[PDB]
Amino acid sequence: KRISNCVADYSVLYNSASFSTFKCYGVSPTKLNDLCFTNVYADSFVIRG
Amino acid sequence: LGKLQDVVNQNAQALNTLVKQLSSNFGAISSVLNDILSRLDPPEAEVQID
């Protein structure tokens with residue numbers, strides 16, 4: 001899925017605790033916001049523990 | 001004039017190479033340290049600045 005042309009909003013992304021893994025690669029979750037990217041993609045799959 | 005021109009050309013080209021040296025990654029993932037500083041957390045940032 002391609003997402004573009006909008007205000008990125010990850011406040012609910014890190015303020016929640018239902019997730020199990022939130023370690024980001026290269027970009028840091030603290031500096032994730034206030035960064036202007038050209039395009040952002042999102043893949044999704046179901047895998048085992 | 002040959003003698004008077006090399007002493008200026010060598011200095012100018014050495015200064016140009018010194019300027020161009022800031023455009024190299026030097027084995028890192030980026031050239032400017034500000035990109036890492038504004039992108040990475042401080043523990044991972046300090047390695048790239050080092």
# chains A, B, ... in the order shown; residues from 1 in each chain; ligands from 1
call {"tool": "residues_around", "arguments": {"residues": "stretch 5-17 of chain A", "least_positions_apart": "3", "cutoff": "9 Å", "atoms": "only C-alpha atoms", "output": "ChimeraX atom specification"}}
result
/A:20,22,29,32-34,36,38-39
call {"tool": "write_last_selection", "arguments": {"atoms": "N, CA, C and O atoms", "output": "PDB file, in the first residue's frame"}}
result
ATOM      1  N   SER A  20       3.784  -5.707  20.131  1.00  0.00           N
ATOM      2  CA  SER A  20       4.848  -6.458  20.782  1.00  0.00           C
ATOM      3  C   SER A  20       6.245  -6.029  20.359  1.00  0.00           C
ATOM      4  O   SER A  20       7.169  -6.109  21.171  1.00  0.00           O
ATOM      5  N   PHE A  22       8.394  -2.769  18.546  1.00  0.00           N
ATOM      6  CA  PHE A  22       8.402  -1.397  18.041  1.00  0.00           C
ATOM      7  C   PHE A  22       9.831  -0.857  17.949  1.00  0.00           C
ATOM      8  O   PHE A  22      10.091   0.319  18.233  1.00  0.00           O
ATOM      9  N   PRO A  29      12.402   5.950  16.235  1.00  0.00           N
ATOM     10  CA  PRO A  29      11.015   6.331  16.560  1.00  0.00           C
ATOM     11  C   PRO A  29      10.888   7.679  17.252  1.00  0.00           C
ATOM     12  O   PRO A  29       9.870   8.358  17.062  1.00  0.00           O
ATOM     13  N   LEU A  32      11.295   9.906  14.331  1.00  0.00           N
ATOM     14  CA  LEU A  32      10.420   9.461  13.213  1.00  0.00           C
ATOM     15  C   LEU A  32       9.536  10.633  12.775  1.00  0.00           C
ATOM     16  O   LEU A  32       9.431  10.871  11.556  1.00  0.00           O
ATOM     17  N   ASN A  33       8.940  11.342  13.737  1.00  0.00           N
ATOM     18  CA  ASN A  33       8.042  12.484  13.416  1.00  0.00           C
ATOM     19  C   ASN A  33       8.889  13.718  13.086  1.00  0.00           C
ATOM     20  O   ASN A  33      10.106  13.681  13.358  1.00  0.00           O
ATOM     21  N   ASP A  34       8.270  14.754  12.505  1.00  0.00           N
ATOM     22  CA  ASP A  34       8.991  16.009  12.151  1.00  0.00           C
ATOM     23  C   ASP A  34      10.026  15.722  11.056  1.00  0.00           C
ATOM     24  O   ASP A  34      10.976  16.519  10.925  1.00  0.00           O
ATOM     25  N   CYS A  36      10.291  14.964   6.845  1.00  0.00           N
ATOM     26  CA  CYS A  36       9.438  14.984   5.665  1.00  0.00           C
ATOM     27  C   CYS A  36       9.978  13.969   4.664  1.00  0.00           C
ATOM     28  O   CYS A  36      11.055  14.167   4.093  1.00  0.00           O
ATOM     29  N   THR A  38       9.273  11.602   1.074  1.00  0.00           N
ATOM     30  CA  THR A  38       8.584  11.750  -0.204  1.00  0.00           C
ATOM     31  C   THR A  38       7.433  10.760  -0.323  1.00  0.00           C
ATOM     32  O   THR A  38       6.300  11.142  -0.641  1.00  0.00           O
ATOM     33  N   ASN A  39       7.710   9.483  -0.077  1.00  0.00           N
ATOM     34  CA  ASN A  39       6.709   8.431  -0.104  1.00  0.00           C
ATOM     35  C   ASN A  39       6.939   7.489   1.069  1.00  0.00           C
ATOM     36  O   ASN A  39       8.075   7.289   1.511  1.00  0.00           O
TER      37      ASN A  39
END
call {"tool": "interface_residues", "arguments": {"of": "chain A", "to": "chain B", "cutoff": "9 Å", "atoms": "only C-alpha atoms", "output": "JSON, numbers by chain"}}
result
{"A": [26, 27, 28, 29, 30, 31, 32, 35]}
call {"tool": "write_last_selection", "arguments": {"atoms": "N, CA and C atoms", "output": "PDB file, in the first residue's frame"}}
result
ATOM      1  N   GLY A  26      17.263   2.110  11.325  1.00  0.00           N
ATOM      2  CA  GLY A  26      17.830   3.248  10.628  1.00  0.00           C
ATOM      3  C   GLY A  26      17.200   4.556  11.058  1.00  0.00           C
ATOM      4  N   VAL A  27      15.925   4.764  10.716  1.00  0.00           N
ATOM      5  CA  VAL A  27      15.171   5.859  11.310  1.00  0.00           C
ATOM      6  C   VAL A  27      14.867   5.505  12.764  1.00  0.00           C
ATOM      7  N   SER A  28      14.791   6.526  13.615  1.00  0.00           N
ATOM      8  CA  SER A  28      14.518   6.252  15.016  1.00  0.00           C
ATOM      9  C   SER A  28      13.103   6.686  15.366  1.00  0.00           C
ATOM     10  N   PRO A  29      12.402   5.950  16.235  1.00  0.00           N
ATOM     11  CA  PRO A  29      11.015   6.331  16.560  1.00  0.00           C
ATOM     12  C   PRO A  29      10.888   7.679  17.252  1.00  0.00           C
ATOM     13  N   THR A  30      11.939   8.097  17.960  1.00  0.00           N
ATOM     14  CA  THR A  30      11.938   9.442  18.594  1.00  0.00           C
ATOM     15  C   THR A  30      12.015  10.513  17.500  1.00  0.00           C
ATOM     16  N   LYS A  31      12.843  10.290  16.474  1.00  0.00           N
ATOM     17  CA  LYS A  31      13.021  11.294  15.388  1.00  0.00           C
ATOM     18  C   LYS A  31      12.162  10.911  14.178  1.00  0.00           C
ATOM     19  N   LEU A  32      11.295   9.906  14.331  1.00  0.00           N
ATOM     20  CA  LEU A  32      10.420   9.461  13.213  1.00  0.00           C
ATOM     21  C   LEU A  32       9.536  10.633  12.775  1.00  0.00           C
ATOM     22  N   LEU A  35       9.847  14.634  10.302  1.00  0.00           N
ATOM     23  CA  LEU A  35      10.760  14.310   9.173  1.00  0.00           C
ATOM     24  C   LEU A  35       9.917  14.231   7.900  1.00  0.00           C
TER      25      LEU A  35
END
call {"tool": "select_by_dssp", "arguments": {"residues": "chain A", "states": "helix (DSSP H, G or I)", "output": "list in words"}}
result
residues 11, 12, 13, 14 and 15 of chain A
call {"tool": "write_last_selection", "arguments": {"atoms": "C-alpha atoms", "output": "compact mmCIF listing (two decimals), in the first residue's frame"}}
result
# COMPACT_ATOMS: atom_id res chain seq x y z
CA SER A 11 1.38 9.76 18.05
CA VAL A 12 -1.14 6.93 18.42
CA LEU A 13 1.52 4.61 16.98
CA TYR A 14 3.90 4.94 19.95
CA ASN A 15 1.40 5.95 22.65
call {"tool": "select_by_dssp", "arguments": {"residues": "chain A", "states": "strand (DSSP E or B)", "output": "list in words"}}
result
residues 2, 3, 40 and 41 of chain A
call {"tool": "write_last_selection", "arguments": {"atoms": "N, CA and C atoms", "output": "short mmCIF file (atom, residue, chain, number, x, y, z; two decimals), in the first residue's frame"}}
result
data_model
loop_
_atom_site.label_atom_id
_atom_site.label_comp_id
_atom_site.auth_asym_id
_atom_site.auth_seq_id
_atom_site.Cartn_x
_atom_site.Cartn_y
_atom_site.Cartn_z
N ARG A 2 0.54 2.20 -0.86
CA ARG A 2 1.24 3.47 -0.94
C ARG A 2 0.44 4.58 -0.28
N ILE A 3 1.12 5.37 0.54
CA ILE A 3 0.51 6.47 1.28
C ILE A 3 1.32 7.73 1.00
N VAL A 40 5.85 6.92 1.58
CA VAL A 40 5.89 5.95 2.67
C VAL A 40 5.01 4.76 2.29
N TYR A 41 5.55 3.55 2.46
CA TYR A 41 4.91 2.31 2.08
C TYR A 41 4.58 1.49 3.32
#
call {"tool": "atom_distance", "arguments": {"atom1": "atom CA of residue B:48", "atom2": "atom CA of residue A:25"}}
result
15.0 Å
call {"tool": "atom_distance", "arguments": {"atom1": "atom CA of residue B:33", "atom2": "atom CA of residue A:21"}}
result
28.5 Å
call {"tool": "atom_distance", "arguments": {"atom1": "atom CA of residue B:10", "atom2": "atom CA of residue B:24"}}
result
21.3 Å
call {"tool": "closest_residue", "arguments": {"among": "B:1, B:49, B:8, B:14", "to": "residue B:35", "atoms": "only C-alpha atoms"}}
result
B:49
call {"tool": "decode", "arguments": {"residues": "stretch 3-37 of chain B", "atoms": "N, CA, C and O atoms", "output": "short mmCIF file (atom, residue, chain, number, x, y, z; two decimals), in the first residue's frame"}}
result
data_model
loop_
_atom_site.label_atom_id
_atom_site.label_comp_id
_atom_site.auth_asym_id
_atom_site.auth_seq_id
_atom_site.Cartn_x
_atom_site.Cartn_y
_atom_site.Cartn_z
N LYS B 3 56.95 29.21 -13.04
CA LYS B 3 57.26 29.10 -11.61
C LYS B 3 56.22 29.81 -10.76
O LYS B 3 55.85 29.31 -9.68
N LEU B 4 55.73 30.96 -11.21
CA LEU B 4 54.76 31.72 -10.43
C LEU B 4 53.35 31.14 -10.50
O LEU B 4 52.51 31.49 -9.67
N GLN B 5 53.08 30.26 -11.47
CA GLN B 5 51.73 29.74 -11.65
C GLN B 5 51.49 28.44 -10.89
O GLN B 5 50.36 28.21 -10.42
N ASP B 6 52.50 27.58 -10.77
CA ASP B 6 52.32 26.31 -10.07
C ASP B 6 52.08 26.53 -8.58
O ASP B 6 51.28 25.82 -7.97
N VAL B 7 52.76 27.51 -7.98
CA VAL B 7 52.62 27.77 -6.55
C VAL B 7 51.23 28.27 -6.19
O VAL B 7 50.85 28.24 -5.02
N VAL B 8 50.46 28.73 -7.17
CA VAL B 8 49.07 29.11 -6.95
C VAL B 8 48.12 27.99 -7.35
O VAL B 8 47.14 27.73 -6.64
N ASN B 9 48.40 27.32 -8.47
CA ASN B 9 47.52 26.25 -8.95
C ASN B 9 47.50 25.07 -7.99
O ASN B 9 46.43 24.50 -7.73
N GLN B 10 48.66 24.69 -7.45
CA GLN B 10 48.72 23.57 -6.51
C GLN B 10 47.95 23.88 -5.24
O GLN B 10 47.21 23.03 -4.73
N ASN B 11 48.09 25.11 -4.72
CA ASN B 11 47.36 25.50 -3.52
C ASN B 11 45.86 25.54 -3.77
O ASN B 11 45.07 25.07 -2.94
N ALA B 12 45.44 26.09 -4.92
CA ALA B 12 44.02 26.15 -5.24
C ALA B 12 43.42 24.76 -5.40
O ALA B 12 42.31 24.49 -4.93
N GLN B 13 44.15 23.86 -6.06
CA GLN B 13 43.63 22.51 -6.27
C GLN B 13 43.64 21.69 -4.99
O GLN B 13 42.74 20.87 -4.77
N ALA B 14 44.63 21.92 -4.11
CA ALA B 14 44.61 21.29 -2.80
C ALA B 14 43.44 21.78 -1.96
O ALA B 14 42.80 20.99 -1.25
N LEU B 15 43.13 23.08 -2.03
CA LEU B 15 41.96 23.60 -1.33
C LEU B 15 40.67 23.03 -1.91
O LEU B 15 39.72 22.74 -1.17
N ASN B 16 40.62 22.86 -3.23
CA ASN B 16 39.46 22.23 -3.86
C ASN B 16 39.29 20.79 -3.41
O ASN B 16 38.17 20.34 -3.16
N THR B 17 40.40 20.04 -3.29
CA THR B 17 40.33 18.67 -2.80
C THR B 17 39.91 18.63 -1.34
O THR B 17 39.16 17.74 -0.92
N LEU B 18 40.38 19.59 -0.54
CA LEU B 18 39.96 19.68 0.86
C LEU B 18 38.47 19.96 0.97
O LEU B 18 37.79 19.42 1.85
N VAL B 19 37.94 20.81 0.09
CA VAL B 19 36.50 21.07 0.06
C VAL B 19 35.75 19.81 -0.36
O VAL B 19 34.73 19.44 0.25
N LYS B 20 36.24 19.11 -1.39
CA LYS B 20 35.59 17.91 -1.90
C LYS B 20 35.62 16.76 -0.89
O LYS B 20 34.77 15.87 -0.96
N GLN B 21 36.59 16.76 0.03
CA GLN B 21 36.68 15.71 1.03
C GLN B 21 35.47 15.66 1.95
O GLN B 21 35.17 14.60 2.52
N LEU B 22 34.76 16.78 2.12
CA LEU B 22 33.55 16.80 2.94
C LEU B 22 32.37 16.14 2.24
O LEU B 22 31.34 15.90 2.90
N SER B 23 32.47 15.84 0.95
CA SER B 23 31.40 15.20 0.20
C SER B 23 31.52 13.68 0.19
O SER B 23 30.71 13.02 -0.47
N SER B 24 32.50 13.12 0.89
CA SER B 24 32.71 11.68 0.92
C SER B 24 32.10 11.07 2.17
O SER B 24 32.08 11.68 3.25
N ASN B 25 31.59 9.85 2.02
CA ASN B 25 30.97 9.14 3.14
C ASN B 25 32.00 8.63 4.14
O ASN B 25 31.68 8.48 5.32
N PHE B 26 33.22 8.36 3.66
CA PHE B 26 34.32 7.86 4.49
C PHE B 26 33.96 6.55 5.18
O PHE B 26 34.30 6.32 6.34
N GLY B 27 33.26 5.68 4.46
CA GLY B 27 32.84 4.40 4.99
C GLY B 27 31.55 4.41 5.77
O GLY B 27 31.09 3.34 6.20
N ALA B 28 30.94 5.58 5.97
CA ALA B 28 29.68 5.68 6.68
C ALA B 28 28.52 5.61 5.68
O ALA B 28 28.72 5.39 4.48
N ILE B 29 27.29 5.78 6.17
CA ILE B 29 26.11 5.73 5.31
C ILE B 29 25.68 7.10 4.82
O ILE B 29 24.76 7.19 3.98
N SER B 30 26.31 8.18 5.29
CA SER B 30 25.99 9.52 4.83
C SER B 30 27.21 10.41 5.00
O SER B 30 28.12 10.11 5.77
N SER B 31 27.21 11.53 4.27
CA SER B 31 28.32 12.47 4.30
C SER B 31 28.16 13.51 5.41
O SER B 31 29.07 13.70 6.22
N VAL B 32 27.02 14.20 5.44
CA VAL B 32 26.78 15.23 6.44
C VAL B 32 26.34 14.59 7.74
O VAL B 32 25.50 13.67 7.76
N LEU B 33 26.92 15.05 8.86
CA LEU B 33 26.57 14.50 10.16
C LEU B 33 25.21 14.97 10.65
O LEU B 33 24.63 14.34 11.55
N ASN B 34 24.68 16.06 10.08
CA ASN B 34 23.38 16.57 10.51
C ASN B 34 22.25 15.62 10.16
O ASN B 34 21.26 15.54 10.89
N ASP B 35 22.39 14.88 9.06
CA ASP B 35 21.37 13.89 8.69
C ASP B 35 21.27 12.79 9.73
O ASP B 35 20.17 12.40 10.14
N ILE B 36 22.42 12.29 10.20
CA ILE B 36 22.41 11.28 11.25
C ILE B 36 21.91 11.88 12.56
O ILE B 36 21.14 11.25 13.29
N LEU B 37 22.32 13.12 12.86
CA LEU B 37 21.91 13.75 14.11
C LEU B 37 20.40 13.96 14.18
O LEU B 37 19.79 13.79 15.24
#
